[PDB]
Amino acid sequence: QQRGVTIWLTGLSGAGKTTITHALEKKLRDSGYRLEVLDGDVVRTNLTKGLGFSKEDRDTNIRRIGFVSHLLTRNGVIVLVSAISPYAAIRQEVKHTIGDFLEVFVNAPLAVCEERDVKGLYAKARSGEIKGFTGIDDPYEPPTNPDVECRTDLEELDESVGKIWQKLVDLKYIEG
Amino acid sequence: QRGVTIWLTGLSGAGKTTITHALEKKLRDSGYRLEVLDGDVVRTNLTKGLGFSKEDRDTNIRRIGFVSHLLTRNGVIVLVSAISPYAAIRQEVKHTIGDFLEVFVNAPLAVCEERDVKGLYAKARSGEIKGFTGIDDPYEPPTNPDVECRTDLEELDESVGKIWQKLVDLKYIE
Ligand SMILES: Nc1ncnc2c1ncn2[C@@H]1O[C@H](COP(=O)(O)OS(=O)(=O)O)[C@@H](O)[C@H]1O
Ligand SMILES: Nc1ncnc2c1ncn2[C@@H]1O[C@H](COP(=O)(O)OS(=O)(=O)O)[C@@H](O)[C@H]1O
């Protein structure tokens, strides 16, 4: 049994949002659930191609992802969003529009993300090669009341996915 | 019942929006699950910021196709109303979506220009607006649409009826 819902992963670059998204996607698909993934890194090559990382463009980006997530959710689809989405007021705006919405705070310390520097972006932010990088010289406003929080430096992947899954069960979006 | 994109293409003023709304009502009143993506409306949200250059119309149509695809493959009936003047781009979206009906809303340029519903034809003729479809920008008519509605020669009910019957024939609806 399946009801529409947007599962919204927010957090720093490198915090592990994509990894959780993919593991959660697999778990859901293997149970027969109907889903769509909207990953910021990927949709910025199509749906939101042309946008940069100014405040205006991040707002446009998140609002556009929210638009598509809303249409899918209200038609019964489970939508997995993975996007830095650093502005709380914008996340709240999307949550309010969609209603069936779960905010997942993928919470890793800045220092941990910077040490791994998976795509080399932190070093480029520090040197000034890149301007306005989230967490270094651009805001990240952490969720104050997320529905699920995953402290990825302190919990195993299965534990993080498990908490999202259990929340979906508790709220009866998927079968227990 | 089955997902499908119903894609209305045609000149400004040809009657696309009127057919869309009438079709939407008929589908909803029969219990069907749908979404409408009207070019005039999505250009205030989904495609806000784009103009009417070739590259912007391509971006516009491709982005509408992106959303239509995700909805269609999840069982939703999607009604698109957009000038979509480039045949190759309509074909590209049709190919991506698969379950796609191209509806040619075909009114003569002269009929659309004489009504000039939004005053845009007069603005195109004076040069107030540049690159207006059918006046100084292309419209490439479908050569093999799934349904054609000659709105200057058909009653609204007849145009809607043909789209409905096509949906029935192809088993998208009961
Ligand atoms: N200035 C930047 N700030 C954050 N991420 C950036 C920046 N420049 C490039 N990126 C890349 O863009 C990705 C973030 O895109 P989004 O999740 O779509 O951002 S968001 O702020 O608009 O939500 C990061 O994973 C990173 O790879
Ligand atoms: N240069 C223009 N050409 C066509 N339509 C225009 C133009 N400028 C403003 N408009 C308005 O924009 C609408 C067309 O938008 P679309 O259907 O989204 O066009 S499309 O070519 O990109 O598919 C028309 O109904 C008309 O009202």
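In each ligand, atom 1 is the first atom listed, and ligand 1 is the first ligand listed. Each chain gets a letter, A, B and so on, in the order the sequences are listed, and its residues count up from 1.
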Quiz item: Out of curiosity, is B/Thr133 lining ligand 2, as in a heavy atom under 4.0 Å away?
Solution: yes
Quiz item: By number and element, which atoms of ligand 1 are closer than 4.0 Å to a non-hydrogen atom of A/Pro86?
Solution: 21 (O)
Quiz item: Does A/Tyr87 have A/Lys55 sitting over its ring (NZ/CZ under 6.0 Å from centre, angle to axis within 45°)?
Solution: yes
Quiz item: Can you tell me which residue and heavy atom of the protein come closest to atom 24 (C) of ligand 1, and the distance to 0.1 Å?
Solution: A/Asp41 OD1, 3.7 Å
Quiz prompt | Candidate with minimal heavy-atom separation from atom 3 (N) of ligand 1, of A/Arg44, A/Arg58, A/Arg64, A/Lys55 | solution = A/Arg58
Exercise. Give the numbers and elements of all ligand 2 atoms closer than 4.0 Å to a heavy atom of B/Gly131.
Key: 1 (N), 2 (C), 3 (N)
Quiz item: Any side-chain donor-acceptor pair under 3.5 Å between B/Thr72 and B/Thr5?
Solution: yes
Quiz item: Counting from 1, what ligand 2 atoms have a heavy atom of B/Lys118 closer than 4.0 Å?
Solution: 25 (O), 27 (O)
Exercise. Return yes if a side-chain donor-acceptor contact under 3.5 Å exists between B/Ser12 and B/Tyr121, otherwise no.
Key: no
Quiz prompt | Side chain, backbone, both or neither: B/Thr47 near ligand 2, heavy atoms under 4.0 Å | solution = neither
Quiz item: When only distance counts, is A/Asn61 in polar contact with ligand 1, meaning an N/O pair under 3.5 Å?
Solution: yes
Exercise. Would you check whether A/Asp138 reaches within less than 4.0 Å of ligand 1, judged by its heavy atoms?
Key: no
Self-check item: ligand 1-proximal atoms of A/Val43, by part, heavy-atom distance under 4.0 Å
Solution: neither
Quiz prompt | Taking atom 2 (C) of ligand 1 as the reference point, the nearest protein heavy atom with its distance | solution = A/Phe133 CD1, 3.4 Å
Practice problem: Could you tell me whether B/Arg150 sits above the aromatic face of B/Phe104, with NZ or CZ closer than 6.0 angstrom to the six-membered ring centre and within 45 degrees of the axis? | Solution: no
Quiz item: Are side-chain N/O atoms of B/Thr47 and B/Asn60 paired as donor and acceptor at under 3.5 Å?
Solution: yes
Quiz prompt | For atom 6 (C) of ligand 1, the protein heavy atom that lies nearest, with its residue and separation | solution = A/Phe53 CE2, 3.5 Å
Quiz item: Within the distance-only criterion (no hydrogens, no angle test), does the side chain of B/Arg57 pair as donor or acceptor with the backbone N or O of B/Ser84 below 3.5 angstrom?
Solution: no
Quiz item: Of all the atoms in ligand 1, which lie at a distance below 4.0 Å from a heavy atom belonging to A/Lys131?
Solution: 1 (N)
Self-check item: B/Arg90 bridged to B/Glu140 by N-O distance under 4.0 Å
Solution: no
Quiz item: What residue and heavy atom of the protein are closest to atom 23 (O) of ligand 1, and at what distance?
Solution: A/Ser85 N, 2.8 Å
Quiz item: Would B/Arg2 and B/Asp99 pass as an ion pair if we require N to O under 4.0 Å?
Solution: yes
Exercise. Kindly confirm or rule out a cation-pi arrangement of A/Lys95 over A/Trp8, judged by NZ or CZ under 6.0 Å from the six-membered ring centre and within 45° of its axis?
Key: no
Practice problem: Can you pull out the closest protein heavy atom to atom 14 (C) of ligand 1? Residue, atom name and distance to 0.1 Å, please. | Solution: A/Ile84 CD1, 3.7 Å
Exercise. Give the atoms of ligand 2, by number and element, whose distance to some non-hydrogen atom of B/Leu120 is under 4.0 Å.
Key: 26 (C), 27 (O)
Self-check item: salt_bridge(A/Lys163, A/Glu159) N-O dist < 4.0 Å
Solution: no
